[PDB]
Protein chains: 2
Amino acid sequence: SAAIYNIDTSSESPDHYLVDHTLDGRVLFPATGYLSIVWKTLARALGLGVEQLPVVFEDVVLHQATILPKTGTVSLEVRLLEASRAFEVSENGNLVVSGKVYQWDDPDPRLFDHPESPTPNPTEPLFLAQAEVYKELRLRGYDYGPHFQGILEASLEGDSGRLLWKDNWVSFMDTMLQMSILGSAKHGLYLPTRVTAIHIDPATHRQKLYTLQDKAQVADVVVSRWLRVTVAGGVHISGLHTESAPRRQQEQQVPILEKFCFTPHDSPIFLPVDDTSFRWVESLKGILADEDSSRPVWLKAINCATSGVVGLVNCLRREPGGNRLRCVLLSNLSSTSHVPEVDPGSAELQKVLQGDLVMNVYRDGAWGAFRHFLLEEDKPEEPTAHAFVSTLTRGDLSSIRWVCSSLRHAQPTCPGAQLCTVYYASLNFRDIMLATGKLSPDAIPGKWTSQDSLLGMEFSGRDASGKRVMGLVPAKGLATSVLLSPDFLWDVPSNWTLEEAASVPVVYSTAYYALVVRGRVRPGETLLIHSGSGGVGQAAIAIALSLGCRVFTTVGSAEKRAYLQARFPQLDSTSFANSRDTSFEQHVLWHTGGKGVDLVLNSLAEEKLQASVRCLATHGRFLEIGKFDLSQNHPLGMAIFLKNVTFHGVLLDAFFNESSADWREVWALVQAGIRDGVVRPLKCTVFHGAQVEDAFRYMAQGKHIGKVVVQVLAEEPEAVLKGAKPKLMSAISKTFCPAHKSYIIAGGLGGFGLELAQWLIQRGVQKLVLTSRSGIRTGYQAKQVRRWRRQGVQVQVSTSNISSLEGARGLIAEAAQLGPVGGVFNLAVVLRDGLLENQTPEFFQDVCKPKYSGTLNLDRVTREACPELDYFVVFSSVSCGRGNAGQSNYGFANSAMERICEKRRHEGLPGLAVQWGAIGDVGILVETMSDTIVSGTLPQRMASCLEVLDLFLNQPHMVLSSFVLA
Amino acid sequence: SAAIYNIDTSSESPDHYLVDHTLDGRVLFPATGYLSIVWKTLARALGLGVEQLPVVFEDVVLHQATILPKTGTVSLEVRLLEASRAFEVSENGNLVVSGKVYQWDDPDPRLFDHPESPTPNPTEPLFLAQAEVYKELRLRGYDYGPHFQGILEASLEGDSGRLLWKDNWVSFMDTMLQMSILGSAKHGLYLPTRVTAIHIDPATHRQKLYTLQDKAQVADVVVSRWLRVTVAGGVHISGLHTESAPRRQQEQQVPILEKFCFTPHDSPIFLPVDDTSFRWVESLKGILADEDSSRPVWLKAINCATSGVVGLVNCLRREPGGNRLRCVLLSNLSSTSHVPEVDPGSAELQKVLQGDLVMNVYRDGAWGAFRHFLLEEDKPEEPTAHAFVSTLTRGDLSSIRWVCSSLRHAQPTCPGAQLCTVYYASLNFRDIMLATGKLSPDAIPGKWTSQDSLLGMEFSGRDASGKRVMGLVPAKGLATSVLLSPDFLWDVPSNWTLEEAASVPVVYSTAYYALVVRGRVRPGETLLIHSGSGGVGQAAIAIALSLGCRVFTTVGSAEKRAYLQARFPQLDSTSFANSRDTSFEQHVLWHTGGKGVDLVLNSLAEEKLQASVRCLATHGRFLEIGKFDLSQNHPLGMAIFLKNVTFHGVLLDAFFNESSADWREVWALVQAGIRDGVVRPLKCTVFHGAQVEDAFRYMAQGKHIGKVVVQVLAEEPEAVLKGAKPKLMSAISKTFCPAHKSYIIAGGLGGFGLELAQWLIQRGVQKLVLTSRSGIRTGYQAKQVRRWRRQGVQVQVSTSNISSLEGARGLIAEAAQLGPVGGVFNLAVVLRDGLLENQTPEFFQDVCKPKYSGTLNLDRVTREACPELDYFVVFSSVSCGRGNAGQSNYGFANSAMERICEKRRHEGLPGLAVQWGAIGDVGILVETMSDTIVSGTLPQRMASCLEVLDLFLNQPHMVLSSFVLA
Ligand SMILES: NC(=O)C1=CN([C@@H]2O[C@H](COP(=O)(O)OP(=O)(O)OC[C@H]3O[C@@H](n4cnc5c(N)ncnc54)[C@H](OP(=O)(O)O)[C@@H]3O)[C@@H](O)[C@H]2O)C=CC1
Ligand SMILES: NC(=O)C1=CN([C@@H]2O[C@H](COP(=O)(O)OP(=O)(O)OC[C@H]3O[C@@H](n4cnc5c(N)ncnc54)[C@H](OP(=O)(O)O)[C@@H]3O)[C@@H](O)[C@H]2O)C=CC1
């Protein structure tokens, strides 16, 4: 009865294509693989083939992921309950997939009709090609191989496209899921966990498939987020639910990060490489012709201080004969104008020749070279008044640090939002779940970036005017300051303390919303509060006892029983039950006469929830404030509703999305309970802001009673202190940008350009000027730019070529039109590869014009008319630091950029040259070349690249490098 | 994997004991049989025995009953999903049982600890013996055989007892269920359909079993209705849910009903049988000694007119020599005193001897006999102003008739209750479900007797003062008059009609409760009403459009669409969707922007409910007014509550149990909607009261739009008609009794006595006087009497022996102390069996004293001091009409009783002699003897006996008989 499927991903195995279903570097069994396997089991059970068996899956739950090992075989057992229409996929006795499967008796082709789009697509010519679709997906973390790369075309919105049919149901339905998650605003690796219904009718699937000019069978796919339905061919997927799988910390991208600083130490053929027309390149070719007399080739850069022949020599030494030519450079790169220029016709040149160093650089009287050093692993910390608590690595409370917040680098001022100095910030159970990784950051409603830390949901402190307030925030409450609407603030009473007030907002708002607004608790109603020792439980007890309600509370220990007895003397011995067992059901049903309770404020889970449901009386109100059974879609028997029972799903976090008068009702309830003495501060276990990690691991164990409070600022003795400024603490430096400043990315439409632009928007950039010679051509560029514009960012796609000084001047002009120029990023690149033999001075000019001349002009115009500039970053290559075969012009342009940035930083101006190794997921190496070893180094992924760039932007080093070794 | 169990109930089969699990004459597979079978499957799967496998069943659902045929074998397949802990019992591919089964890993003996009783048991000596327990159960319809008769002792409350252990888990757990349903107030056959949890730990089961003096292993069982838990031995059953299985109409008890009326036409040994000392019995023995001269044995009854030697001769003729003796009787039973007595010493005796008739009776100048005639099958109909609609046979709309109601024979008058003449009574979907049998009468909340008809939930008419009102009732609304609280009445406005007003109460109260009280609908909220063409749907549309709410309504036809468009012009084309498919989900999610609706008033079922749940918006309120998914305990995925969603189980029928201000809120809402014009009468399809069956079958098909209304009384033109009396219609006569009258059952503590007493309480008897020589001795008697007393009936257990005239006088005195004597029932009997040879005059005296002398004295004292007497019933035997071997004194006493009743009826006084055949389930034949053929006749069951008695009490025949032939 148990159909066995030995999934082998060996080369000769029929299931070898499954190696291409790689998700975060792990070969996982697709959910559609389970669908096909259960389909095959049902077809054998009915004595048919899958192609002759139209099938319906219902309530498919994916309980765990099956990892397909590189060597071995995974055995999946499918058992069918035909009478109950159920199936079960298990692996080694562990339930993998459950749900209902049955033959579609009357298959309706009209089901597989594409739903109309809510809005017509204006950019019909602009779509996502297959390479673009899977570049975006691999950016999200889906490393789909060729067998699972079945999306040829997709619209920019991600609601329509085409899927190639390789006579494979697993791949086709997986590409269905890929197209479903392609038009997703949420970022990260989202995996299917539930599907409400899947109808596969292979008969109409054969009809829906059509052949293109490529002779490849394809099918139109449509995703409707309004109807929650994906249709393609003869497959219909309704109610697909995906949860964000936390990306594994065992990432092989541990980049080598390095620093580039000037470090003091036959017949010679001298070549002046200082000419701006690159006419010497052909001359260098002549020097490469000879063998004996070409041993002392001395290329000297005397005139220009930012010539950058270092990368030239580094790249030419790798060419055949480069070492034999012994290319030795003399770079007179004087950082300051007061330093005397070394005469190359004097004894200094003879001394340099006697030294025979591969590279000689003169810097302010020092004759040295350019060497690579290891970058310090200590994270840059700065003294700021605006910081937040964040877990650097998810799931690890040890990696809990204060990081500079977006309020430090961008101070906002607008009505309807108030900046309050946080003196005390309360931990909540959701904060513990976030910091321990048990809860995904995306599960919290709101617009949160990937780098955003959502720790902290409630605080107390002082507003801008100095008034002593306490506030409730959706997130970012565990900070030195909070930007929140004044609608979520209460005045702290005179008798209260800020320490005390920090425990009221979340807990009492939740209790008031649940009991009064939702539960509509009336005086004298019997009521069961679960975990009455906790914050929300204690508040619910206070509210109920203010109304003279009989309270049955469940506590997990006798000490919590004693605390609740002392705190609420209205509770008697029969008020208390166990929360760690189901016996609270028996206690309640006995002490209530078998009737039940009028309300159940429930945070318990699984069977403990079901027992809580069995504690309900007639007309009982079950207020579910827990999330586990809700998030797991656990079944609730509906017979309880025969008791006139109301079931509330109570989520206070819904009040931060609309903030209408519905929240003001709960606010007024809390304020009234404050003035009536009903709302009373809970017990607060206080950890100082210097040790927030200990607060987290303390509250994680659960021995706490009441509220854990992190004191960010000690409450000074005063009612309304006019200052109200946060004290300066050392927090990890993080790159953030003012919303009033404009930021330019020259070459911002490229792979790294678009990724950097998105990263900058995530860092507060609101005015972007991306420059490209050709403008927006690809559908990926259009989708990214239109998404940023819809998000509210002024993204200008400029054509102003920075190669010309007039072009850079006009570019700075269009940037300043939006706002003062805060940053410029030189990512413009053109490539004219090839060895020195087949190299042209025109090729050198073409390659250096975006980099050499581009950075010349950017530096000049920023010096002239950019007083508020904070960032001057250029993207150089590792081919500059070490050298690449047949990339001499690339290295020369990159070294010129580095010299420019060093010269800028020497005068105190912002300057940064990032030597990037092989860049992954996007760029020129991804398009031209193919996780392939390039020059001994792996392509660094974007996530790692942006992390390293964030680190580099907070360093004092002119030039740093990042590359992942193989 | 599928363990096969071939259940064979043959004599040599190991599962032969299953023949003893008979429920309503059908051998059914016990639910505990499925438990044991799944247990065996799990033990084989784990390679263990059941006795070594502690097991846990969870969420056990019994989807269908398995009938075990007398000849054959039923194959039950058990499949296990060990990974998901599920099991499935199927029969021929049909799901029989589902649920979770798994090994109890850490078995807790403390679980099998008997919960304390809510109240101590005062009557410790008074318990239910095994015979009593199973007599009560077989009265409820559980014909358990000896193998499943494992309850030795049970307390009167039914919450404790002992269960015999026959090394059989099926039988033990079935007796657990029997004891669970023994203390049930609900009557009828209740079968398990769901069990929440079952823990079986055989290890502690062996310890809990103990041996009595009988050397039989037994275990204490405790049922806790407060905790919903039954514990016995090492078995724990929590959350057992039972539904009333409708008793099969294919009942073999089709009694022969008959009438007993006086029908005009060697050496003789004359025996005067008129002596009141029975001294002639021995003389008759002498007449039985001879053979030749004993041929003309002439036993003459001359003095007493109520001698009743007819039964004597009928019983003596069956004795050996009775026919040879040719027992010929001469009964001078003159009905009136003016009739001349026939002289037995004249030519009349010679003529009678020449006729040689077996029996000769002189009645007012007619020389005839007593012959049995067939009773007319036409039900007695009487003209009454108080009738109700009822289905005589459940599930059959053809058997829909008007029956006389309890308001005819008992007119109540008390504050807080009003008697309103019903002019129009509305049918509702629940009424159709009741009359078609799809809905059990017990599913309706309230105190409803077995014979109560619950048809009709709403009416309009006139109150006692004549005011034109409309009312909402829990049941009995389909009547000519309704007794209801004035709290459930509205005044009908002047512009309204009673016809119109009859459609408002149920429909608009439901809509107001759901939308306003429960859903808290706010103006402008999007809202999905299912079946908007129906009554409740139309009312919800009216309420929502009164608030300016956007309405999505689902209708099943285009004609219903057109009707709703014409009726509510605020609905546009996009307001309407299909209710017969799930596509309303797609329509709603499209036309709402994917957000959903704020409310869903749902009456749809199964997947159509789930789609309705998928139509909910954030903070959406799902008001479930349907019952199918609720009653079936269908699963509801809790992920919907992640959307801040509220789920209301809306049941308006809960307002008839408490009737607090919570109902007055809905009442005020309806009244306000009436004065504001929001509440508008629906379309009414009217069937006159003469044809109610056609209204039922019309509304059953579902082509109706609005409300089906039965016009009981045509609305006369007047505002407040002072008369307000219902018109007299012919309704089936039903026995009902005034609450102010006292009723005596002589011998009312016997089997038939207790059953008749319960039947009389169900017919309105509130003052009962049961007489017994020995008083209350058995626990069954105590339980019945205390249940009646707790129900509110004044039950007096008198010892006044009716054999003496003083005793009967005192009995009538204690009866009149409670209230005027409305009825007397002679069920007193003592038996002195044995043939005429071994018969004694003292035996005749003893047997006749409760019957002969008892009815003498009852008749005399009722003639003297019982002017308001309505019933004078005596229970005679079929042994009187035909004759039984060795029961001559019994037949003589029964015939004397019959003569007394005939004499009473001749003077116009109430009189009835019911010749009962073998009586089943209770009585002397059940105790002394054993579905066994007795004298060629089967024992008539109580249900049939009480039905036949109800029929007999409404007849004009002095003596009728009822017996079931074999
Ligand atoms: N890919 C890699 O492995 C490495 C990348 N880098 C750095 O990363 C940056 C981006 O490279 P990559 O990661 O490959 O992503 P891309 O190569 O896709 O982005 C390059 C951008 O440069 C633009 N550009 C080129 N010339 C000009 C010009 N004259 N004016 C305006 N824009 C111009 C291009 O637009 P258009 O041509 O239409 O004008 C393009 O948008 C480069 O600065 C590069 O040095 C460094 C080392 C390695
Ligand atoms: N069982 C059958 O098959 C048949 C029954 N019937 C009728 O059904 C009626 C009851 O018989 P049954 O069905 O067996 O149920 P029961 O025999 O159990 O009820 C008989 C009752 O008569 C009582 N009784 C007897 N003598 C007296 C007395 N002197 N004063 C007061 N009460 C007395 C008994 O109480 P106690 O002795 O303590 O006083 C007992 O409660 C009888 O009238 C009988 O004729 C008729 C035909 C067949």
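Residues numbered from 1 in each chain as written, not as in the entry; some residues may be left out. Chains lettered and ligands numbered in written order. Heavy atoms only, no water. Residues with missing side-chain atoms left out of burial classes, pairs and counts.

Structure determination for the deposited model, as stated in its record, used cryo-EM, and the stated resolution is 2.45 Å.

Overview of the site of ligand 1
All names here are of chain A. What counts is decided by this rule: Residues are labelled near a given molecule or strand when at least one of their non-hydrogen atoms is within 4 Å of it. Identification of polar contacts relies on pairs of N or O atoms within 3.5 Å, with a donor-acceptor requirement for protein atoms, meaning one able to donate a hydrogen and the other able to accept it, and with residues adjacent in sequence counted only if both atoms are side-chain atoms. The protein chains shown are the only cover counted for residues, whose accessible areas, like all others here, come from Shrake-Rupley with a 1.4 Å probe. In DSSP terms, a helix is any run of H or I states spanning at least four residues, a strand is any run of E spanning at least two, and both are numbered starting from the N terminus. Residues are grouped as follows: nonpolar covers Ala, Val, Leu, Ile, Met, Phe, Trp, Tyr, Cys and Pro; charged covers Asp, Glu, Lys and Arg; every other residue, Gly included, is treated as polar.
Ligand 1 sits among 29 residues. The nearest are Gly751, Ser772, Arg773, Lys851 and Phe875. Here an oxygen atom of ligand 1 sits 3.4 Å away from a polar atom, N or O, in the main chain of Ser774. Backbone polar atom of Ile924 to an oxygen atom of ligand 1: 3.0 Å apart, as the coordinates give it. Burial of ligand 1 by the surrounding chains reaches 92%, relative to a free accessible area of 850 Å². Taken together, the elements giving at least two residues each to the shell around ligand 1 come down to α20 (751-762), α23 (841-865), β45 (871-877) and α26 (924-927). With three residues, β45 is the single largest residue contributor to the shell around ligand 1. For the shell around ligand 1, the per-class residue count stands at 14 nonpolar, 12 polar and three charged.

Considering the site of ligand 2
All names here are of chain B. By nearness alone, 28 residues border ligand 2, and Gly751, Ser772, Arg773, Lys851 and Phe875 come closest of all. A distance of 2.7 Å is found between an oxygen atom of ligand 2 and a side-chain nitrogen or oxygen belonging to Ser772. Separating an oxygen atom of ligand 2 from a backbone N or O atom of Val829 is a distance of 3.1 Å. Protein burial of ligand 2: of its 850 Å² of free accessible surface, 92% is covered by the chains. No other element matches the three residues that strand β45 (residues 871-877) contributes to the shell around ligand 2. Split into classes, the residues belonging to the shell around ligand 2 amount to 14 nonpolar, 12 polar and two charged.

So, the layout of surface pockets
To keep things clear, this is the line we draw: Residues are called lining when one of their atoms sits within 4 Å of a cavity or pocket point, these points coming from a 1 Å grid over the protein atoms alone, where a cavity is a set in which a 1.4 Å probe fits but cannot get out and a pocket is an open set with protein on both sides within 12 Å along at least five of seven lines. Grid points are joined across faces, edges and corners, and a volume is the space filled by probe spheres set on the points.
The computed volume of the second largest pocket comes to approximately 600 Å³. Contributing to the lining of the second largest pocket are 23 residues, with A:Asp662, B:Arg520, B:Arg522, B:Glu525 and B:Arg621 lying nearest its centre. Counting only elements with at least two residues in the lining of the second largest pocket, the list comes to α12 (505-518) and α18 (661-675) of chain A together with β35 (616-624) and β37 (646-649) of chain B. Ranked by residue count, the leading element in the lining of the second largest pocket is α12(A), at four residues.

A look at the sheet that holds strand β3 (residues 26-27) of chain B
All names here are of chain B. Cut-off, in case you're wondering: A pair of strands is labelled paired if DSSP reports no fewer than 2 bridges between them.
Sheet architecture is open: three strands sit in the order β3-β2-β9, paired in antiparallel fashion. Each edge of the open sheet is held by one strand with a lone partner, namely β3 and β9 (142-144). Sheet analysis places strand β2 (residues 21-23) next to β9, joined by three bridges and oriented antiparallel. Bridge assignment links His21 to a residue of β9, and that residue is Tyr144.

A word on the relation of the copies chain B and chain A
Our working definition: Here the copies share a frame obtained from least-squares fitting of C-alpha atoms. Throughout, a residue-residue contact means that at least one pair of heavy atoms, one from each residue, lies within 4.5 Å.
Structural alignment of chain B on chain A gives an RMSD of 0.0 Å, achieved by rotating through 180° and translating 0.0 Å along the axis. The transformation just described matches what one would write down for a two-fold rotation axis. Here 100% of the contact residues of chain B are again contact residues in chain A; the copies associate through an equivalent surface.

Looking at the side chain of B:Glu132
All names here are of chain B. Formally: Any residue under 20% of the maximum accessible area for its type is buried, any over 50% is exposed, and the rest in between are partly exposed; the area is computed with a 1.4 Å probe on protein chains only. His residues and chain termini do not enter the charge count, which takes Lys and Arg as positive and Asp and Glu as negative. The salt bridge definition used is simple: a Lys or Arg side-chain nitrogen within 4 Å of an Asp or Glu carboxyl oxygen.
Secondary-structure assignment places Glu132 in helix α2 (residues 130-140). Lacking a salt bridge, the buried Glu132 has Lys135 as its closest oppositely charged neighbour, with an N-O distance of 5.7 Å. Excluding residues that lie within four positions of it along the chain, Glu132 makes contacts with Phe127, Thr778, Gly779 and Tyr780.

As for the environment of A:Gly637
Along the chain, A:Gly637 falls in strand β36 (residues 635-637). For A:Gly637, a relative accessible area of 23% translates into the label partly exposed. Sequence separation of A:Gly637 and A:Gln586 is 51 residues, and the distance between their C-alpha atoms is 19 Å. In contact with A:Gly637, other than residues within four places in its own chain, are B:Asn633 and B:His634.

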